[PDB]
>>> print(open('query29.cif').read())   # mmCIF, C-alpha atoms; chains and numbers go by the auth columns
data_query
#
loop_
_atom_site.group_PDB
_atom_site.id
_atom_site.type_symbol
_atom_site.label_atom_id
_atom_site.label_comp_id
_atom_site.label_asym_id
_atom_site.label_seq_id
_atom_site.Cartn_x
_atom_site.Cartn_y
_atom_site.Cartn_z
_atom_site.B_iso_or_equiv
_atom_site.auth_seq_id
_atom_site.auth_asym_id
ATOM 1 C CA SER A 1 6.067 37.861 8.837 0.00 16 Y
ATOM 2 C CA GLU A 2 3.219 35.370 8.433 0.00 17 Y
ATOM 3 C CA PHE A 3 2.834 31.912 9.974 0.00 18 Y
ATOM 4 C CA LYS A 4 4.705 28.843 8.739 0.00 19 Y
ATOM 5 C CA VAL A 5 4.783 25.231 9.920 0.00 20 Y
ATOM 6 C CA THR A 6 6.249 22.051 8.439 0.00 21 Y
ATOM 7 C CA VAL A 7 4.244 18.820 8.432 0.00 22 Y
ATOM 8 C CA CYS A 8 6.352 15.672 8.128 0.00 23 Y
ATOM 9 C CA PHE A 9 4.077 13.011 6.645 0.00 24 Y
ATOM 10 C CA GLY A 10 5.684 9.711 7.584 0.00 25 Y
ATOM 11 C CA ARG A 11 8.919 10.370 5.705 0.00 26 Y
ATOM 12 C CA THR A 12 8.119 13.556 3.780 0.00 27 Y
ATOM 13 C CA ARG A 13 8.398 17.136 5.041 0.00 28 Y
ATOM 14 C CA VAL A 14 5.927 19.657 3.618 0.00 29 Y
ATOM 15 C CA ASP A 15 5.957 23.377 4.419 0.00 30 Y
ATOM 16 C CA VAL A 16 2.625 25.073 5.120 0.00 31 Y
ATOM 17 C CA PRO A 17 2.721 28.912 5.174 0.00 32 Y
ATOM 18 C CA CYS A 18 -0.325 30.347 6.946 0.00 33 Y
ATOM 19 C CA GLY A 19 -1.392 33.752 5.660 0.00 34 Y
ATOM 20 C CA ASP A 20 -2.919 34.876 8.952 0.00 35 Y
ATOM 21 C CA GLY A 21 -2.221 31.855 11.123 0.00 36 Y
ATOM 22 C CA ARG A 22 -5.811 31.623 12.336 0.00 37 Y
ATOM 23 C CA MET A 23 -6.315 28.188 10.784 0.00 38 Y
ATOM 24 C CA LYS A 24 -7.469 25.294 12.959 0.00 39 Y
ATOM 25 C CA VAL A 25 -5.242 22.212 12.878 0.00 40 Y
ATOM 26 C CA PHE A 26 -8.015 20.411 10.995 0.00 41 Y
ATOM 27 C CA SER A 27 -7.577 22.902 8.163 0.00 42 Y
ATOM 28 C CA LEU A 28 -3.807 22.468 8.368 0.00 43 Y
ATOM 29 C CA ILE A 29 -4.050 18.683 8.147 0.00 44 Y
ATOM 30 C CA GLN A 30 -6.297 18.762 5.084 0.00 45 Y
ATOM 31 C CA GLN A 31 -4.010 21.329 3.462 0.00 46 Y
ATOM 32 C CA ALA A 32 -0.871 19.316 4.210 0.00 47 Y
ATOM 33 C CA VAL A 33 -2.431 15.978 3.244 0.00 48 Y
ATOM 34 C CA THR A 34 -3.438 17.286 -0.181 0.00 49 Y
ATOM 35 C CA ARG A 35 -0.028 18.893 -0.674 0.00 50 Y
ATOM 36 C CA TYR A 36 1.607 15.675 0.532 0.00 51 Y
ATOM 37 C CA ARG A 37 0.177 13.453 -2.208 0.00 52 Y
ATOM 38 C CA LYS A 38 0.755 16.242 -4.730 0.00 53 Y
ATOM 39 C CA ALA A 39 4.352 16.644 -3.544 0.00 54 Y
ATOM 40 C CA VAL A 40 5.167 12.927 -3.454 0.00 55 Y
ATOM 41 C CA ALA A 41 3.840 12.594 -7.020 0.00 56 Y
ATOM 42 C CA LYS A 42 0.750 10.680 -5.884 0.00 57 Y
ATOM 43 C CA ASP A 43 -2.942 11.089 -6.708 0.00 58 Y
ATOM 44 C CA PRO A 44 -6.511 10.483 -5.409 0.00 59 Y
ATOM 45 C CA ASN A 45 -6.182 6.726 -5.898 0.00 60 Y
ATOM 46 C CA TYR A 46 -4.736 5.434 -2.632 0.00 61 Y
ATOM 47 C CA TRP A 47 -6.388 5.920 0.765 0.00 62 Y
ATOM 48 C CA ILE A 48 -4.918 8.236 3.393 0.00 63 Y
ATOM 49 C CA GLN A 49 -5.826 8.017 7.080 0.00 64 Y
ATOM 50 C CA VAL A 50 -4.506 11.086 8.897 0.00 65 Y
ATOM 51 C CA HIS A 51 -4.326 10.033 12.551 0.00 66 Y
ATOM 52 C CA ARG A 52 -2.975 13.178 14.216 0.00 67 Y
ATOM 53 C CA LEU A 53 -0.019 15.553 14.564 0.00 68 Y
ATOM 54 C CA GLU A 54 2.728 15.967 17.165 0.00 69 Y
ATOM 55 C CA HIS A 55 5.380 18.606 17.864 0.00 70 Y
ATOM 56 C CA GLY A 56 7.859 15.835 18.608 0.00 71 Y
ATOM 57 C CA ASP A 57 8.008 14.665 22.218 0.00 72 Y
ATOM 58 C CA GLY A 58 5.800 17.084 24.127 0.00 73 Y
ATOM 59 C CA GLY A 59 3.077 18.907 22.239 0.00 74 Y
ATOM 60 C CA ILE A 60 0.478 16.799 20.449 0.00 75 Y
ATOM 61 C CA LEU A 61 -1.790 18.471 17.898 0.00 76 Y
ATOM 62 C CA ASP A 62 -5.455 17.614 17.360 0.00 77 Y
ATOM 63 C CA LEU A 63 -8.035 18.813 14.838 0.00 78 Y
ATOM 64 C CA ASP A 64 -9.675 21.578 16.876 0.00 79 Y
ATOM 65 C CA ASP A 65 -6.972 23.693 18.523 0.00 80 Y
ATOM 66 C CA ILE A 66 -6.053 26.867 16.640 0.00 81 Y
ATOM 67 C CA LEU A 67 -2.658 27.122 14.963 0.00 82 Y
ATOM 68 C CA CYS A 68 -1.490 30.334 16.644 0.00 83 Y
ATOM 69 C CA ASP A 69 -2.178 28.523 19.923 0.00 84 Y
ATOM 70 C CA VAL A 70 -0.574 25.206 18.965 0.00 85 Y
ATOM 71 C CA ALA A 71 1.795 25.758 16.046 0.00 86 Y
ATOM 72 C CA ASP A 72 4.473 28.456 15.956 0.00 87 Y
ATOM 73 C CA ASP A 73 6.244 30.653 13.398 0.00 88 Y
ATOM 74 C CA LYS A 74 8.565 28.326 11.483 0.00 89 Y
ATOM 75 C CA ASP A 75 7.777 25.184 13.482 0.00 90 Y
ATOM 76 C CA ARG A 76 8.045 21.526 12.478 0.00 91 Y
ATOM 77 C CA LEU A 77 5.475 18.818 13.210 0.00 92 Y
ATOM 78 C CA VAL A 78 5.380 15.039 12.812 0.00 93 Y
ATOM 79 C CA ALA A 79 2.314 13.767 10.960 0.00 94 Y
ATOM 80 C CA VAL A 80 1.154 10.200 11.556 0.00 95 Y
ATOM 81 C CA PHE A 81 -1.195 8.705 8.974 0.00 96 Y
ATOM 82 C CA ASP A 82 -1.981 5.704 6.791 0.00 97 Y
ATOM 83 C CA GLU A 83 -1.501 5.117 3.068 0.00 98 Y
ATOM 84 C CA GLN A 84 -2.364 2.267 0.701 0.00 99 Y
ATOM 85 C CA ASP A 85 0.676 2.527 -1.563 0.00 100 Y
#
>>> encode(input="query29.cif", output="structure tokens")
Amino acid sequence: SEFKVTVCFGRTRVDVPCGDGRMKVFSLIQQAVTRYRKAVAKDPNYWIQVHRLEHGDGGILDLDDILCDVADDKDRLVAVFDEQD
């Protein structure tokens, strides 16, 4: 099977299936962020400051480390960001 990680934006969980899995966190954040606003019924009107990601309580995720190295098949992640809603 392919890669798959869930990115919980504040109070919204969004699944992100990686075809190969070789996608840097930075690419995962941008992909999740876009899907987040599109999933929450939002649009490119309010600002969104994506701080960083975290596995939970022992596995932070920054925009540079590969997914296969950080994320894991069917793994959840807490996304901390800002939003002017």
>>> residues_around(input="query29.cif", residues="residue 50 in chain Y", least_positions_apart="4", cutoff="9 Å", atoms="only C-alpha atoms", output="ChimeraX atom specification")
/Y:29,31,45-46,54-55
>>> write_last_selection(input="query29.cif", atoms="C-alpha atoms", output="PDB file, in the frame of the given file")
ATOM      1  CA  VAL Y  29       5.927  19.657   3.618  1.00  0.00           C
ATOM      2  CA  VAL Y  31       2.625  25.073   5.120  1.00  0.00           C
ATOM      3  CA  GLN Y  45      -6.297  18.762   5.084  1.00  0.00           C
ATOM      4  CA  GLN Y  46      -4.010  21.329   3.462  1.00  0.00           C
ATOM      5  CA  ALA Y  54       4.352  16.644  -3.544  1.00  0.00           C
ATOM      6  CA  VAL Y  55       5.167  12.927  -3.454  1.00  0.00           C
TER       7      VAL Y  55
END
>>> closest_residue(input="query29.cif", among="Y:38, Y:83, Y:59, Y:69", to="residue 99 in chain Y", atoms="all atoms listed in the file")
Y:59
>>> atom_distance(input="query29.cif", atom1="CA of residue 70 in chain Y", atom2="CA of residue 91 in chain Y")
6.7 Å
>>> resolve_selection(input="query29.cif", expression="the PyMOL selection byres ((chain Y and resi 96) around 12)", output="PyMOL selection string")
chain Y and resi 22-27+44-45+47-48+51+62-69+93-95+97-99
>>> atom_distance(input="query29.cif", atom1="CA of residue 78 in chain Y", atom2="CA of residue 17 in chain Y")
21.0 Å
>>> atom_distance(input="query29.cif", atom1="CA of residue 89 in chain Y", atom2="CA of residue 58 in chain Y")
27.6 Å
>>> axis_aligned_box(input="query29.cif", around="range 33-50 of chain Y", padding_each_side="8 Å", output="JSON")
{"center_x": -4.0, "center_y": 25.4, "center_z": 6.1, "size_x": 24.0, "size_y": 34.9, "size_z": 29.6}
>>> resolve_selection(input="query29.cif", expression="the PyMOL selection byres ((chain Y and resi 33) around 9)", output="list in words")
residues 17, 18, 19, 20, 31, 32, 34, 35, 36, 37, 38, 43 and 82 of chain Y
>>> residues_around(input="query29.cif", residues="residue 39 in chain Y", least_positions_apart="4", cutoff="6 Å", atoms="all atoms listed in the file", output="PyMOL selection string")
chain Y and resi 79-82
>>> closest_residue(input="query29.cif", among="Y:28, Y:60, Y:41, Y:21", to="residue 90 in chain Y", atoms="all atoms listed in the file")
Y:21
